[PDB]
$ cat my_file31.tsv   # TSV, C-alpha atoms
chain	number	residue	atom	x	y	z
A	1	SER	CA	17.86	10.66	-2.38
A	2	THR	CA	16.86	10.42	-6.01
A	3	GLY	CA	15.54	7.85	-8.44
A	4	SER	CA	15.60	7.55	-12.23
A	5	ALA	CA	13.77	4.95	-14.32
A	6	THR	CA	13.18	4.48	-18.00
A	7	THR	CA	9.59	4.40	-19.21
A	8	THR	CA	8.76	2.51	-22.40
A	9	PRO	CA	5.74	2.64	-24.74
A	10	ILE	CA	3.65	-0.53	-24.57
A	11	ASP	CA	3.02	-0.56	-28.32
A	12	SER	CA	3.77	1.20	-31.59
A	13	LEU	CA	1.13	3.88	-30.93
A	14	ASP	CA	2.32	4.98	-27.47
A	15	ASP	CA	-1.03	3.88	-26.03
A	16	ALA	CA	0.57	3.88	-22.57
A	17	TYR	CA	4.02	3.69	-20.98
A	18	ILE	CA	5.40	1.13	-18.53
A	19	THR	CA	8.13	1.59	-15.96
A	20	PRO	CA	9.78	-1.23	-14.04
A	21	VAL	CA	9.14	-1.20	-10.28
A	22	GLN	CA	10.74	-3.45	-7.66
A	23	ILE	CA	8.33	-4.71	-5.00
A	24	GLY	CA	9.18	-6.86	-2.00
A	25	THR	CA	12.14	-8.84	-0.75
A	26	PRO	CA	13.63	-10.41	-2.78
A	27	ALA	CA	12.53	-7.93	-5.41
A	28	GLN	CA	9.64	-8.79	-7.70
A	29	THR	CA	9.83	-6.52	-10.74
A	30	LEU	CA	6.51	-5.49	-12.25
A	31	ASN	CA	5.97	-3.07	-15.13
A	32	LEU	CA	3.59	-0.39	-13.95
A	33	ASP	CA	1.72	2.42	-15.66
A	34	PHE	CA	2.76	5.62	-13.86
A	35	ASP	CA	-0.43	7.66	-13.66
A	36	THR	CA	-0.42	11.30	-12.57
A	37	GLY	CA	-4.23	11.19	-12.78
A	38	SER	CA	-4.78	8.69	-9.95
A	39	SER	CA	-3.39	7.87	-6.55
A	40	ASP	CA	-3.41	4.09	-6.04
A	41	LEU	CA	-0.45	1.75	-6.51
A	42	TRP	CA	-2.14	-1.50	-7.46
A	43	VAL	CA	-0.82	-4.70	-8.98
A	44	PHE	CA	-1.85	-7.94	-10.57
A	45	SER	CA	-1.16	-10.53	-7.91
A	46	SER	CA	-1.38	-14.10	-6.74
A	47	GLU	CA	-4.83	-13.06	-5.40
A	48	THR	CA	-6.17	-11.93	-8.78
A	49	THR	CA	-9.04	-14.05	-10.11
A	50	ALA	CA	-7.24	-16.55	-12.34
A	51	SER	CA	-9.47	-16.07	-15.39
A	52	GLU	CA	-8.67	-12.34	-15.25
A	53	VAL	CA	-4.92	-12.82	-15.58
A	54	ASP	CA	-3.61	-13.16	-19.16
A	55	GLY	CA	0.15	-12.75	-19.44
A	56	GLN	CA	0.78	-10.14	-16.73
A	57	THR	CA	3.54	-10.52	-14.19
A	58	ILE	CA	2.05	-10.95	-10.71
A	59	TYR	CA	3.12	-9.85	-7.25
A	60	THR	CA	3.07	-12.72	-4.78
A	61	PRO	CA	3.14	-11.23	-1.27
A	62	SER	CA	3.68	-14.62	0.41
A	63	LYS	CA	7.11	-14.75	-1.30
A	64	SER	CA	8.16	-11.35	0.07
A	65	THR	CA	9.70	-11.36	3.54
A	66	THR	CA	8.86	-7.67	3.95
A	67	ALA	CA	5.17	-7.92	2.93
A	68	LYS	CA	2.58	-7.35	5.63
A	69	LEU	CA	-1.18	-7.56	5.19
A	70	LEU	CA	-2.74	-4.21	6.02
A	71	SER	CA	-5.50	-5.65	8.15
A	72	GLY	CA	-9.04	-4.79	7.11
A	73	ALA	CA	-8.00	-2.56	4.22
A	74	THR	CA	-9.67	-2.79	0.83
A	75	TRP	CA	-9.62	-0.69	-2.32
A	76	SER	CA	-11.76	-0.20	-5.38
A	77	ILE	CA	-11.19	2.18	-8.25
A	78	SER	CA	-12.92	3.16	-11.47
A	79	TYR	CA	-11.05	5.09	-14.16
A	80	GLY	CA	-12.27	7.65	-16.69
A	81	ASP	CA	-12.14	5.09	-19.48
A	82	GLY	CA	-14.63	2.82	-17.71
A	83	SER	CA	-12.06	0.31	-16.47
A	84	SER	CA	-11.83	-0.77	-12.83
A	85	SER	CA	-10.08	-2.96	-10.27
A	86	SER	CA	-10.35	-3.83	-6.57
A	87	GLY	CA	-8.81	-5.91	-3.83
A	88	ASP	CA	-6.95	-5.88	-0.53
A	89	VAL	CA	-3.75	-4.20	0.65
A	90	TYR	CA	-0.22	-5.04	1.75
A	91	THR	CA	2.59	-2.82	2.84
A	92	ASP	CA	5.98	-3.65	1.36
A	93	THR	CA	9.23	-2.15	0.12
A	94	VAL	CA	8.91	-0.48	-3.27
A	95	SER	CA	11.79	0.87	-5.34
A	96	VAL	CA	11.73	2.92	-8.53
A	97	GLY	CA	14.96	3.57	-10.35
A	98	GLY	CA	17.04	3.23	-7.19
A	99	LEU	CA	14.70	5.20	-4.90
A	100	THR	CA	13.27	3.04	-2.11
A	101	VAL	CA	10.18	3.51	0.04
A	102	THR	CA	9.55	1.14	2.92
A	103	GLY	CA	5.99	0.55	4.11
A	104	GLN	CA	4.41	1.54	0.80
A	105	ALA	CA	0.79	0.49	0.35
A	106	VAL	CA	0.72	-2.08	-2.44
A	107	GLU	CA	-2.87	-2.70	-3.44
A	108	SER	CA	-3.30	-6.30	-4.53
A	109	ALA	CA	-6.00	-6.89	-7.13
A	110	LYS	CA	-8.59	-9.56	-6.50
A	111	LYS	CA	-10.62	-8.37	-9.52
A	112	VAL	CA	-9.73	-6.39	-12.63
A	113	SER	CA	-11.94	-5.36	-15.54
A	114	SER	CA	-11.57	-6.79	-19.03
A	115	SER	CA	-9.43	-3.97	-20.44
A	116	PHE	CA	-6.76	-4.70	-17.83
A	117	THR	CA	-6.87	-8.45	-18.46
A	118	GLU	CA	-6.61	-7.86	-22.19
A	119	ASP	CA	-3.47	-5.76	-21.85
A	120	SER	CA	-0.69	-8.20	-21.09
A	121	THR	CA	1.95	-5.48	-20.92
A	122	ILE	CA	0.63	-3.57	-17.89
A	123	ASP	CA	1.12	-5.27	-14.52
A	124	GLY	CA	-0.60	-2.51	-12.54
A	125	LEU	CA	-0.67	1.24	-11.93
A	126	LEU	CA	1.47	3.56	-9.84
A	127	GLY	CA	-0.54	6.64	-8.98
A	128	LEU	CA	1.15	10.03	-8.82
A	129	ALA	CA	-1.80	12.38	-8.27
A	130	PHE	CA	-2.50	13.68	-4.75
A	131	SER	CA	-3.04	11.19	-1.94
A	132	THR	CA	-6.51	12.65	-1.25
A	133	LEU	CA	-7.73	10.53	-4.21
A	134	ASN	CA	-6.36	7.25	-2.84
A	135	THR	CA	-9.20	4.72	-2.56
A	136	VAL	CA	-8.00	2.55	0.34
A	137	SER	CA	-10.63	2.12	3.03
A	138	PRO	CA	-11.01	2.59	5.95
A	139	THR	CA	-7.56	4.23	6.20
A	140	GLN	CA	-6.49	6.17	3.10
A	141	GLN	CA	-2.93	5.51	1.99
A	142	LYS	CA	-0.18	7.71	0.57
A	143	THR	CA	1.26	7.58	-2.92
A	144	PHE	CA	4.82	6.48	-3.59
A	145	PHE	CA	5.79	10.10	-4.25
A	146	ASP	CA	4.12	11.36	-1.07
A	147	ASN	CA	5.98	8.70	0.95
A	148	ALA	CA	9.33	9.45	-0.73
A	149	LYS	CA	9.05	13.22	-0.73
A	150	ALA	CA	10.73	14.13	2.53
A	151	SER	CA	13.76	11.98	1.63
A	152	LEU	CA	14.16	13.42	-1.86
A	153	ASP	CA	16.87	15.98	-2.64
A	154	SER	CA	14.06	18.20	-3.98
A	155	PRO	CA	10.33	17.42	-3.60
A	156	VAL	CA	9.70	16.89	-7.31
A	157	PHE	CA	9.34	14.30	-9.99
A	158	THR	CA	9.63	14.76	-13.74
A	159	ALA	CA	8.00	13.08	-16.72
A	160	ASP	CA	9.93	12.95	-19.98
A	161	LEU	CA	7.82	10.73	-22.24
A	162	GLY	CA	9.12	9.74	-25.65
A	163	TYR	CA	7.38	9.77	-29.00
A	164	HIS	CA	7.59	6.20	-30.28
A	165	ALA	CA	10.65	5.84	-28.01
A	166	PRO	CA	11.59	5.33	-24.37
A	167	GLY	CA	11.70	8.21	-21.91
A	168	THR	CA	12.37	8.84	-18.24
A	169	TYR	CA	10.72	9.39	-14.88
A	170	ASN	CA	13.04	11.09	-12.38
A	171	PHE	CA	12.38	11.58	-8.68
A	172	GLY	CA	14.05	14.23	-6.55
A	173	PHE	CA	15.99	16.18	-9.17
A	174	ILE	CA	15.63	18.10	-12.41
A	175	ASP	CA	17.91	16.86	-15.19
A	176	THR	CA	18.99	20.13	-16.80
A	177	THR	CA	20.33	18.25	-19.86
A	178	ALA	CA	16.88	16.81	-20.66
A	179	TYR	CA	15.23	19.94	-22.05
A	180	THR	CA	15.93	23.02	-24.14
A	181	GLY	CA	15.44	26.62	-23.08
A	182	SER	CA	13.82	27.30	-19.72
A	183	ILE	CA	11.15	25.60	-17.65
A	184	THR	CA	8.00	27.71	-17.31
A	185	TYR	CA	6.16	27.10	-14.07
A	186	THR	CA	2.44	27.53	-13.69
A	187	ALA	CA	-0.03	27.35	-10.78
A	188	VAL	CA	-1.73	24.14	-9.69
A	189	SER	CA	-5.05	23.61	-7.97
A	190	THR	CA	-5.16	20.46	-5.86
A	191	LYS	CA	-8.87	20.91	-5.07
A	192	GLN	CA	-9.92	17.90	-7.17
A	193	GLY	CA	-6.82	15.86	-6.24
A	194	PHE	CA	-5.23	16.31	-9.67
A	195	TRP	CA	-2.29	18.21	-11.12
A	196	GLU	CA	-4.78	20.77	-12.40
A	197	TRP	CA	-3.58	23.90	-14.17
A	198	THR	CA	-4.69	26.51	-16.70
A	199	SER	CA	-3.22	26.68	-20.17
A	200	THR	CA	-3.11	30.16	-21.67
A	201	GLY	CA	-4.33	29.15	-25.13
A	202	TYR	CA	-3.57	27.33	-28.35
A	203	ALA	CA	-2.63	27.48	-32.01
A	204	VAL	CA	-3.28	25.10	-34.89
A	205	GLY	CA	-0.39	24.55	-37.26
A	206	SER	CA	1.17	27.83	-38.32
A	207	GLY	CA	-1.98	29.69	-37.29
A	208	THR	CA	-2.23	32.59	-34.89
A	209	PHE	CA	-2.25	31.89	-31.17
A	210	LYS	CA	-5.63	32.17	-29.47
A	211	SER	CA	-5.36	33.48	-25.93
A	212	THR	CA	-7.92	31.64	-23.86
A	213	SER	CA	-7.86	29.94	-20.46
A	214	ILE	CA	-8.12	26.15	-20.61
A	215	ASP	CA	-8.30	24.44	-17.22
A	216	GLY	CA	-7.17	20.84	-17.33
A	217	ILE	CA	-5.09	18.11	-15.72
A	218	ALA	CA	-1.61	16.84	-16.50
A	219	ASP	CA	-2.34	13.12	-16.77
A	220	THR	CA	0.34	10.65	-17.79
A	221	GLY	CA	-2.19	7.82	-17.51
A	222	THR	CA	-4.42	9.16	-20.32
A	223	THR	CA	-3.25	8.51	-23.87
A	224	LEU	CA	-4.83	11.41	-25.73
A	225	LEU	CA	-5.33	15.18	-25.48
A	226	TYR	CA	-8.93	16.03	-24.51
A	227	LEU	CA	-9.91	19.67	-24.97
A	228	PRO	CA	-13.10	21.75	-25.36
A	229	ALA	CA	-15.18	21.02	-28.44
A	230	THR	CA	-14.51	24.48	-29.87
A	231	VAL	CA	-10.74	23.94	-29.77
A	232	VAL	CA	-10.95	20.42	-31.15
A	233	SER	CA	-13.22	21.50	-34.00
A	234	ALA	CA	-10.78	24.26	-34.92
A	235	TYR	CA	-7.95	21.72	-35.08
A	236	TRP	CA	-9.72	19.09	-37.19
A	237	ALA	CA	-11.14	21.71	-39.57
A	238	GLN	CA	-7.55	22.04	-40.84
A	239	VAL	CA	-7.44	18.38	-41.90
A	240	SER	CA	-9.23	17.60	-45.17
A	241	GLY	CA	-11.78	14.86	-44.70
A	242	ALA	CA	-11.60	14.77	-40.90
A	243	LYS	CA	-14.91	14.28	-39.11
A	244	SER	CA	-16.35	13.35	-35.77
A	245	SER	CA	-17.69	9.82	-35.92
A	246	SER	CA	-20.22	8.80	-33.28
A	247	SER	CA	-19.82	5.15	-34.33
A	248	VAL	CA	-16.06	5.21	-33.84
A	249	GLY	CA	-16.20	7.46	-30.77
A	250	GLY	CA	-14.41	10.59	-31.86
A	251	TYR	CA	-12.61	12.42	-34.61
A	252	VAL	CA	-11.18	10.34	-37.41
A	253	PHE	CA	-9.21	11.44	-40.43
A	254	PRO	CA	-7.95	10.02	-43.71
A	255	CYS	CA	-4.76	8.09	-43.06
A	256	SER	CA	-3.33	9.80	-46.16
A	257	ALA	CA	-3.39	13.18	-44.39
A	258	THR	CA	-0.45	15.18	-43.14
A	259	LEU	CA	-1.55	16.47	-39.71
A	260	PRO	CA	-0.81	20.02	-38.56
A	261	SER	CA	0.93	20.64	-35.26
A	262	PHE	CA	-0.94	21.83	-32.17
A	263	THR	CA	0.53	24.41	-29.79
A	264	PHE	CA	-0.57	24.95	-26.20
A	265	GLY	CA	0.33	27.82	-23.91
A	266	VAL	CA	2.06	27.59	-20.55
A	267	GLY	CA	2.11	31.15	-19.29
A	268	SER	CA	3.89	33.13	-22.00
A	269	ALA	CA	5.65	29.95	-23.20
A	270	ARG	CA	4.50	27.60	-25.95
A	271	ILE	CA	4.71	23.81	-26.29
A	272	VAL	CA	4.42	22.49	-29.84
A	273	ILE	CA	2.94	19.04	-30.43
A	274	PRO	CA	4.10	17.85	-33.86
A	275	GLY	CA	1.36	16.62	-36.19
A	276	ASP	CA	2.66	13.04	-36.18
A	277	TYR	CA	2.06	12.83	-32.42
A	278	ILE	CA	-1.66	13.26	-33.16
A	279	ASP	CA	-1.88	10.14	-35.40
A	280	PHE	CA	-3.23	7.04	-33.63
A	281	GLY	CA	-3.42	4.93	-36.74
A	282	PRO	CA	-6.15	2.90	-38.43
A	283	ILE	CA	-9.41	2.61	-36.52
A	284	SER	CA	-9.31	-1.13	-37.28
A	285	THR	CA	-6.65	-3.22	-38.96
A	286	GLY	CA	-6.38	-2.36	-42.67
A	287	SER	CA	-8.67	0.67	-42.50
A	288	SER	CA	-7.73	3.93	-44.23
A	289	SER	CA	-9.58	5.88	-41.54
A	290	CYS	CA	-7.25	6.90	-38.74
A	291	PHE	CA	-8.03	7.86	-35.15
A	292	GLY	CA	-7.17	11.34	-33.95
A	293	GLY	CA	-5.04	12.14	-30.93
A	294	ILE	CA	-6.91	15.34	-30.05
A	295	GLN	CA	-10.50	14.65	-28.96
A	296	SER	CA	-13.33	16.53	-27.29
A	297	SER	CA	-13.56	16.60	-23.52
A	298	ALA	CA	-17.28	17.42	-23.73
A	299	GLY	CA	-19.02	15.05	-21.38
A	300	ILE	CA	-15.79	14.04	-19.58
A	301	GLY	CA	-16.28	17.04	-17.35
A	302	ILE	CA	-12.60	17.97	-17.42
A	303	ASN	CA	-9.91	18.76	-19.98
A	304	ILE	CA	-7.03	16.29	-19.99
A	305	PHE	CA	-3.46	16.99	-21.05
A	306	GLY	CA	-2.64	13.33	-21.64
A	307	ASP	CA	0.40	11.72	-23.21
A	308	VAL	CA	-0.09	13.36	-26.62
A	309	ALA	CA	0.56	16.72	-24.96
A	310	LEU	CA	2.96	15.70	-22.22
A	311	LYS	CA	5.33	13.80	-24.50
A	312	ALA	CA	6.02	17.05	-26.39
A	313	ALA	CA	7.48	18.49	-23.16
A	314	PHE	CA	9.74	17.94	-20.20
A	315	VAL	CA	7.28	18.18	-17.32
A	316	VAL	CA	8.06	19.00	-13.70
A	317	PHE	CA	5.59	17.89	-11.04
A	318	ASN	CA	6.65	20.14	-8.18
A	319	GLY	CA	5.37	18.81	-4.87
A	320	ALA	CA	6.56	21.70	-2.73
A	321	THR	CA	4.20	22.95	-0.01
A	322	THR	CA	2.40	24.88	-2.74
A	323	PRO	CA	2.59	22.54	-5.73
A	324	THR	CA	3.26	23.83	-9.24
A	325	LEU	CA	3.81	22.38	-12.72
A	326	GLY	CA	6.72	23.17	-15.01
A	327	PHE	CA	6.92	22.69	-18.77
A	328	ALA	CA	9.93	22.95	-21.07
A	329	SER	CA	10.42	22.16	-24.73
A	330	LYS	CA	12.90	19.38	-25.48
$ encode --input "my_file31.tsv" --output "structure tokens"
Amino acid sequence: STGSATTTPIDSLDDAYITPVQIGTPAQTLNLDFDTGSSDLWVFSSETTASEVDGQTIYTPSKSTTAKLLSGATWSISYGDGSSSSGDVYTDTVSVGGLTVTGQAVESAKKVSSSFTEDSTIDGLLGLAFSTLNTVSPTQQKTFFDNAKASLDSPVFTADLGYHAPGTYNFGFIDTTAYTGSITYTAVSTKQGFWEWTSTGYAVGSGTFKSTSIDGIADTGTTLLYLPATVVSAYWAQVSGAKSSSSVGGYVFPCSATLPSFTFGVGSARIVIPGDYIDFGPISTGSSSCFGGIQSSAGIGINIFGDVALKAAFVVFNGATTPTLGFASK
């Protein structure tokens, strides 16, 4: 089997991407944030504290003839950005782009933090990291991909995120029309439960490539590119007037600037992030100070190849017995 679904930016800045997901019988379609940095499929629901729901579409398990309470199971998750959610668990039929999993754990939120409530466009998350990170207790549950894998034509999924435009998540096949050149594959460590890999270096603009190992995670659920302070300083030094602002929470730059590109290495291959992908717009409405899309990972504890990086590539998440990651230009 295969599946193919379009993923759409939630706003004009590509702050996140949503993908429609069918849950239950009859189907209830919710727009979920596919997140290769976590491993829970959780949804706003009829059980979510009413004051914490503000415009989201909810899953109502009592209206699904295939929903079953997973007795005694609870979940609770905290994300890198300080947000969180928790609740109980159902199993139900879940379909993405024509690919159906029966008995998928659907984690129903009883509580969500303010950032979730405040984002009306995201109805929940669909985790695509390794199932070892799944938070369901006392019996850990499998991700949608893990459940689908054996049925897939090939045990892979691909992320093809658009810049200010829709893109695609495919399951079970590689669309050879969706990228240019070849796909370069690189080793993955699953030790921390992430799609963790080592970039071979970087360049800023038309500058020379610096060969240096940068361990980080391919994370569709993180907006920005978070890299070591040395790398980030080298990038922003090429933008007149750019500075790190403690009050704002990172590097800012004059909105009048033209940003240089940023290149990262994948083995001997190179992925080029155009300068415009690095512009996250005014820090506040009407400001001429703009927020940068490349930020320091210092104090995160890990480097994160978030959407800013991934959307410059066609990315293969290869879930073979020994997982790997593939990157192609597009």
$ closest_residue --input "my_file31.tsv" --among "A:36, A:223, A:256, A:238" --to "residue 130 in chain A" --atoms "all atoms listed in the file"
A:36
$ residues_around --input "my_file31.tsv" --residues "range 259-262 of chain A" --least-positions-apart "3" --cutoff "12 Å" --atoms "only C-alpha atoms" --output "JSON, numbers by chain"
{"A": [201, 202, 203, 204, 205, 206, 207, 208, 209, 210, 225, 227, 231, 232, 234, 235, 236, 237, 238, 239, 240, 241, 242, 252, 253, 254, 255, 256, 265, 270, 271, 272, 273, 274, 275, 276, 277, 278, 279, 280, 290, 291, 292, 293, 294, 308, 309, 312]}
$ residues_around --input "my_file31.tsv" --residues "range 142-148 of chain A" --least-positions-apart "4" --cutoff "7 Å" --atoms "only C-alpha atoms" --output "VMD selection string"
chain A and resid 39 to 40 101 104 127 to 128 131 152
$ residues_around --input "my_file31.tsv" --residues "range 56-67 of chain A" --least-positions-apart "2" --cutoff "8 Å" --atoms "all atoms listed in the file" --output "PyMOL selection string"
chain A and resi 23-28+30-31+43-47+53-54+69+90-93+108+119-123
$ residues_around --input "my_file31.tsv" --residues "range 178-190 of chain A" --least-positions-apart "6" --cutoff "12 Å" --atoms "all atoms listed in the file" --output "PyMOL selection string"
chain A and resi 37+129-133+158-162+167-170+196-200+215-218+265-271+311-330
$ atom_distance --input "my_file31.tsv" --atom1 "CA of residue 87 in chain A" --atom2 "CA of residue 306 in chain A"
26.9 Å
$ atom_distance --input "my_file31.tsv" --atom1 "CA of residue 245 in chain A" --atom2 "CA of residue 78 in chain A"
25.8 Å
$ atom_distance --input "my_file31.tsv" --atom1 "CA of residue 110 in chain A" --atom2 "CA of residue 98 in chain A"
28.7 Å
$ residues_near_point --input "my_file31.tsv" --point "(8.7, 2.7, -17.8)" --cutoff "8 Å" --atoms "all atoms listed in the file" --output "VMD selection string"
chain A and resid 5 to 9 17 to 20 31 to 34 166 to 169
$ closest_residue --input "my_file31.tsv" --among "A:141, A:55, A:77, A:264" --to "residue 211 in chain A" --atoms "only C-alpha atoms"
A:264
$ residues_around --input "my_file31.tsv" --residues "residue 88 in chain A" --least-positions-apart "3" --cutoff "10 Å" --atoms "all atoms listed in the file" --output "list in words"
residues 42, 47, 69, 70, 71, 72, 73, 74, 75, 76, 106, 107, 108, 109, 110, 136 and 137 of chain A
$ closest_residue --input "my_file31.tsv" --among "A:233, A:117, A:1, A:222" --to "residue 79 in chain A" --atoms "only C-alpha atoms"
A:222
$ closest_residue --input "my_file31.tsv" --among "A:248, A:304, A:310, A:263" --to "residue 284 in chain A" --atoms "all atoms listed in the file"
A:248
$ closest_residue --input "my_file31.tsv" --among "A:82, A:228, A:193, A:3" --to "residue 135 in chain A" --atoms "only C-alpha atoms"
A:193
$ closest_residue --input "my_file31.tsv" --among "A:213, A:134, A:51, A:2" --to "residue 151 in chain A" --atoms "only C-alpha atoms"
A:2
$ build_atoms --input "my_file31.tsv" --residues "range 256-268 of chain A" --atoms "N, CA, C and O atoms" --output "mmCIF file, in the coordinates of the input"
data_model
loop_
_atom_site.group_PDB
_atom_site.id
_atom_site.type_symbol
_atom_site.label_atom_id
_atom_site.label_comp_id
_atom_site.auth_asym_id
_atom_site.auth_seq_id
_atom_site.Cartn_x
_atom_site.Cartn_y
_atom_site.Cartn_z
ATOM 1 N N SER A 256 -4.201 9.137 -45.196
ATOM 2 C CA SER A 256 -3.330 9.800 -46.160
ATOM 3 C C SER A 256 -2.997 11.252 -45.800
ATOM 4 O O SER A 256 -2.187 11.881 -46.476
ATOM 5 N N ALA A 257 -3.621 11.790 -44.761
ATOM 6 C CA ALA A 257 -3.390 13.180 -44.390
ATOM 7 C C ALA A 257 -2.032 13.426 -43.777
ATOM 8 O O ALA A 257 -1.452 12.552 -43.142
ATOM 9 N N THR A 258 -1.548 14.649 -43.953
ATOM 10 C CA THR A 258 -0.450 15.180 -43.140
ATOM 11 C C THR A 258 -1.059 16.088 -42.071
ATOM 12 O O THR A 258 -1.667 17.103 -42.391
ATOM 13 N N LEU A 259 -0.918 15.723 -40.802
ATOM 14 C CA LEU A 259 -1.550 16.470 -39.710
ATOM 15 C C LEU A 259 -0.771 17.725 -39.359
ATOM 16 O O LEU A 259 0.454 17.692 -39.301
ATOM 17 N N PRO A 260 -1.479 18.824 -39.076
ATOM 18 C CA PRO A 260 -0.810 20.020 -38.560
ATOM 19 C C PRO A 260 -0.404 19.828 -37.103
ATOM 20 O O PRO A 260 -0.961 19.007 -36.369
ATOM 21 N N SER A 261 0.563 20.619 -36.663
ATOM 22 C CA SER A 261 0.930 20.640 -35.260
ATOM 23 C C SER A 261 -0.176 21.314 -34.433
ATOM 24 O O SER A 261 -1.099 21.926 -34.965
ATOM 25 N N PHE A 262 -0.056 21.173 -33.118
ATOM 26 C CA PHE A 262 -0.940 21.830 -32.170
ATOM 27 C C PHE A 262 -0.061 22.418 -31.079
ATOM 28 O O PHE A 262 0.742 21.711 -30.473
ATOM 29 N N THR A 263 -0.232 23.710 -30.824
ATOM 30 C CA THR A 263 0.530 24.410 -29.790
ATOM 31 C C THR A 263 -0.371 24.715 -28.609
ATOM 32 O O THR A 263 -1.498 25.169 -28.799
ATOM 33 N N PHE A 264 0.129 24.493 -27.391
ATOM 34 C CA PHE A 264 -0.570 24.950 -26.200
ATOM 35 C C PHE A 264 0.295 25.901 -25.377
ATOM 36 O O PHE A 264 1.525 25.799 -25.364
ATOM 37 N N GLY A 265 -0.365 26.836 -24.703
ATOM 38 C CA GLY A 265 0.330 27.820 -23.910
ATOM 39 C C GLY A 265 0.545 27.404 -22.477
ATOM 40 O O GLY A 265 -0.326 26.803 -21.843
ATOM 41 N N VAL A 266 1.727 27.746 -21.964
ATOM 42 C CA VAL A 266 2.060 27.590 -20.550
ATOM 43 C C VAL A 266 2.570 28.966 -20.160
ATOM 44 O O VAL A 266 3.690 29.323 -20.515
ATOM 45 N N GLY A 267 1.753 29.762 -19.478
ATOM 46 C CA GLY A 267 2.110 31.150 -19.290
ATOM 47 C C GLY A 267 2.398 31.776 -20.644
ATOM 48 O O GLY A 267 1.644 31.593 -21.608
ATOM 49 N N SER A 268 3.501 32.506 -20.735
ATOM 50 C CA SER A 268 3.890 33.130 -22.000
ATOM 51 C C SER A 268 4.648 32.155 -22.920
ATOM 52 O O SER A 268 4.998 32.509 -24.046
#
